[PDB]
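[1] Partial complex here, more coming in a sec:
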Amino acid sequence: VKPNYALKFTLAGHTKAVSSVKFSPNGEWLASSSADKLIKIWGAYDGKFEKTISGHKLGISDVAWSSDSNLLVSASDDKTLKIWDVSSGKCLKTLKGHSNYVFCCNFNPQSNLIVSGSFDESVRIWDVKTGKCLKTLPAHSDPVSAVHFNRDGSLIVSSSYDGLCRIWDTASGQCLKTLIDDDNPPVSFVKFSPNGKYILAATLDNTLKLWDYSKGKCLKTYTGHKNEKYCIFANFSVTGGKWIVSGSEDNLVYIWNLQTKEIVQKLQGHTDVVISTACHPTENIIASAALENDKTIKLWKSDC
């Protein structure tokens, strides 16, 4: 009824704030991005440093894996995204078109497409093979904080400081739904559930909300943590028990029971804001990453 996550490894090497961490879909690797303009790769199970991937001209806010674990895409303050071959380190494409910082990115499950969100308030859809922008969505009226495809890639959910979550038809580019609560504080994060039926969104009033997408209604609420300033990544954890996992501006990793909404664990170790968390695809393993005063990534493991 409660996980028992404990610190196993601390990964040091970035020289500025870390911005995101993501496990490869094959579960072998962890990728990290940082304000230091670098991508680093680490062993997912032992935290062993693997390689540094370089090329962006300014800091990086987000990284994401292709479904076959062979490619990465990164989103940078230099207004570009880059597509990387992880094994060779080669930059395969530079995606140009956004007119301001690119803040978030993702492959679709098929991995023929990339979605990106920007401080220029647009969501763009890119062709992986050619690097060309296929669609530009007038998505929001403030910076876009997160973008994510659903399980079959037919849908995109986006979030923004404008207080909205919007769901988009990938093929047509049409806005299918706008999620509106009793209030609209800045939405700093959003992502689909594994089955794509639900949407987890974070707002800058210290609140995570779980939405039923089809019914367009908020069902569960998760609080107790601190989140008023930063775009902190959260997760469904489904390898053991069903949990919600999130970073927090009090330097802790928070873990909630998905159903009861109670806090079940709080992980201590970081010395600055935990900006990012990731859940391993098959094992009960959490990766967490922290901002400038800390700069380390931590790997935690649990029996459930």
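    On my side now, so go ahead. Residues are numbered from 1 along each chain as shown, chains lettered A, B, ... in the order given.
[2] Give the full set of residues in contact with residue A:60.
    A:19, A:33-35, A:37-39, A:74-77 (Cβ atoms under 8 Å, 6 or more residues apart in numbering). Backbone N, C-alpha and C define where each C-beta goes, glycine included.
[3] Tell me the one of these nearest residue A:229?
    Nearest to residue A:229 among the contacts of residue A:60, counting by Cβ to Cβ, is residue A:19 at 14.3 Å.
[4] what about that closest one, which helix or strand?
    Remark: residue A:19 resides in strand A:18-23, with elements defined by DSSP states H and E.
[5] who's in contact with that strand?
    Against strand A:18-23 from outside (Cβ under 8 Å, 6+ apart): A:29-35, A:44, A:59-65, A:233, A:275-281, A:285, A:287-291, A:295-297.
[6] Any idea which residue is closest to the centre of chain A?
    In chain A, the centroid-proximal residue (Cα atoms, centre = their mean) is residue A:233; its distance is 5.2 Å.
[7] can I assume that residue is in contact with residue A:189?
    Yes - counting by Cβ atoms under 8 Å, residue A:233 does reach residue A:189; the two are 5.8 Å apart.
[8] Between those two, which contacts overlap?
    By Cβ under 8 Å, 6+ apart, the residues touching both residue A:233 and residue A:189 are residue A:146.
[9] next one: phi and psi at residue A:152?
    The phi and psi values for residue A:152, taken as degrees, to the nearest 10, are phi -110, psi 10.
[10] Next, the contact list for it, please.
    A:109, A:196.
[11] if you set the cut-off to 7 Å instead, what comes out?
    residue A:109 (Cβ atoms under 7 Å, 6 or more residues apart in numbering).
[12] Check the gap between the closest residue to residue A:165 other than its chain neighbours and residue A:60 for me.
    Of all residues not flanking residue A:165 in the chain, residue A:179 sits nearest, at 4.0 Å (Cβ to Cβ, 6 or more residues apart in numbering). For residue A:179, the distance to residue A:60 equals 28 Å [Cβ to Cβ, to the nearest Å].
[13] Append chain B to the structure above:
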Amino acid sequence: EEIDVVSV
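    Okay, chain B now, added to the rest:
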């Protein structure tokens, strides 16, 4: 009331 975020 018990949500299932995994089954498709």
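[14] Please reconsider the contacts of strand A:18-23 now that chain B is part of the model.
    A:30-35, A:44, A:60-65, A:233, A:275-276, A:278, A:280-281, A:287, A:289-290, A:295, A:297 (Cβ atoms under 7 Å, 6 or more residues apart in numbering or on different chains).
[15] now the residue lying farthest from the centre of chain B, nearest residue through space, not along the chain?
    Largest separation from the mean C-alpha position in chain B: residue B:1, at 9.6 Å (Cα atoms, centre = their mean). With Cβ to Cβ, 6 or more residues apart in numbering or on different chains as the criterion, residue B:1 has its nearest non-adjacent residue at 7.9 Å, and that residue is residue A:259.
[16] hang on, that neighbour packs against residue B:2?
    Yes - assessed by Cβ atoms under 7 Å, residue A:259 is found in contact with residue B:2 at 5.5 Å.
[17] just checking, residue A:79 touches residue A:103?
    No - taking contacts as Cβ under 7 Å, residue A:79 lies outside contact range of residue A:103: 10.8 Å.
[18] out of the two, which sits in the more crowded spot?
    Of the pair residue A:79 and residue A:103, residue A:103 is the one with more neighbours under other Cβ atoms under 10 Å in any protein chain shown, namely 24 against 19.
[19] In three-state terms, label that one for me.
    strand (DSSP: H, G, I helix; E, B strand; the rest coil).
[20] related to what we said a few turns ago, so the residue farthest from the centre of chain B is in which element?
    Going by DSSP H and E, residue B:1 is not in any helix or strand.
[21] Chain B against chain A: which residues are in contact?
    For chain B, the residues in contact with chain A (Cβ under 7 Å from any Cβ of the partner chain) are B:2-3, B:5-8.
[22] Can you name the residue of the stretch 1-150 of chain A nearest to chain B?
    Proximity of the stretch 1-150 of chain A to chain B (Cβ to the nearest Cβ) peaks at residue A:150, 10.9 Å away.
[23] what about that residue, how many neighbours?
    Counted with other Cβ under 10 Å, residues neighbouring residue A:150 total 22.
[24] What's the local residue count around the closest residue to it other than its chain neighbours?
    Closest residue to residue A:150 apart from its sequence neighbours, by Cβ to Cβ, 6+ apart: residue A:196 at 3.9 Å. Neighbour count of residue A:196, defined by other Cβ under 10 Å: 19.
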